[PDB]
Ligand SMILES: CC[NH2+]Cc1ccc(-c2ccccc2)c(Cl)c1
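The chain below stands alone, shown as structure tokens; this is the form solved without the ligand.
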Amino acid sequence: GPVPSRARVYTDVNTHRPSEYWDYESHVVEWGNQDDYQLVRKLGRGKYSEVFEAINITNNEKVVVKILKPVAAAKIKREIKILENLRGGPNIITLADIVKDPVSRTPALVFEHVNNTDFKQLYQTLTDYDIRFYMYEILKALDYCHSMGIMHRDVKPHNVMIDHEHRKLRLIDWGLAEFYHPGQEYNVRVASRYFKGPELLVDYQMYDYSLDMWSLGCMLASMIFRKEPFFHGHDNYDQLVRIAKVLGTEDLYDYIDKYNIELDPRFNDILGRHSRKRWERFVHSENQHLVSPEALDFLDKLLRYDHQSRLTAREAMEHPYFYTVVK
């Protein structure tokens, strides 16, 4: 059947770790005082959670309270373990407390408050320099979680909280994050549709950290070309077609052939034949100031069908696109 695959970096981080690290089900969670937090306003409701702005009435600080839904309640030990494992890491959201909501009767995660700007409004204003700056900041967080044996699996603009006034960024929502174990087959029903990697779209389960790099490339393409989202699929099948109309069908077929993947036959009447498009097609007078040869070289090194061929987060940080960024 499918040819197996392994990450080319941090392959055996979890195979050496004591069971207690990646064995999240064993992990015992100590509940704090739900009463220490006063809910202020509902910020939004997701498929798996409800997010509230709240005040920690003991220190008067603003915090974010995420109340998990019944379906996401079952996978609380995994998210809590990952959050505790990455706490203090570069640009990782800090878990301040874990309390039992008295109404839902499900777990509520308390997080540090970030003065974010709506990504829809903020991507319309970023300069070339800020795009490079914030991308480098996101890479710090990805190399950190990947170095700790963790795949985020939901990298997208909504999960990157940016305080544009203090030039600070946090990678949030570790609800879909998972421990990387070499040879493990994972669920492909992860990430948001526009940021799903080709491995998920073609149902290749033996994926790794490189999935986050594809998601990151999708975000980069959206920022430099001022098209959000860059790959606008109508559904998960159309999503692959949108990608193929840009990257071409020959390289997609080469990728499926390399891993001996059987494409869903539904793709036969919708995929067609498409040559790879040169990036100049996406360049117009309104976005040319965000596009450079370094930006395109970097984007071409993230947006590859072959997950094994994508830059790793650490290699990405070495790219010339970041030479202008003050380090």
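Counting begins at 1, following the sequence as shown.
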Checklist entry - Out of 49-57 and 28-36, which one has CA B-factors that are higher on average in the deposited record? => result 28-36
Checklist outcome for this item: When mean C-alpha B-factors in the record are compared for 200-208 and 125-133, the larger belongs to 125-133
Next on the checklist: Just to confirm, going by the entry's C-alpha B-factors, which of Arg189, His181, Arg87, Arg167 comes out highest?
Outcome noted: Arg167
Item to check | Criterion, highest CA B-factor; candidates, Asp238, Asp173, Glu250, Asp163 | outcome: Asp163
Checklist entry - Split the chain's modelled residues into thirds by Cα B-factor; is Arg153 in the lowest, middle or highest one? => result lowest
Checklist outcome for this item: Assert third(CA B-factor, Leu83) within chain per record equals middle
Next on the checklist: How does the C-alpha B factor of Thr117 compare with the rest of the chain: lowest, middle or highest third?
Outcome noted: highest
Item to check | Chain-relative CA temperature factor third for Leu263 | outcome: highest
Next on the checklist: Can you tell me whether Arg242 has a C-alpha B-factor in the lowest, middle or highest third compared with the other modelled residues of the same chain?
Outcome noted: middle
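Below, we refer to the form solved in complex with the ligand, which is not included among the displayed structures.
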Next on the checklist: With the distance limit set at 4.5 angstroms and only heavy atoms considered, check whether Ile131, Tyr134 and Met219 all reach the ligand in the entry with it bound.
Outcome noted: yes
Next on the checklist: Test of understanding: in the entry with it bound, would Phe119 fall inside 4.5 Å of the ligand by heavy atoms?
Outcome noted: yes
Checklist entry - How about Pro157: is it within 4.5 Å of the ligand in the entry with it bound, going by heavy atoms? => result yes
Item to check | Contact of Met223 with the ligand in the entry with it bound (heavy atom, 4.5 Å) | outcome: yes
Checklist entry - Is there a heavy atom of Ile162 lying 4.5 Å or less from a heavy atom of the ligand in the entry with it bound? => result yes
Checklist entry - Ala191, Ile138, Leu211, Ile150: which sits within 4.5 Å of the ligand in the entry with it bound by any heavy atom? => result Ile138
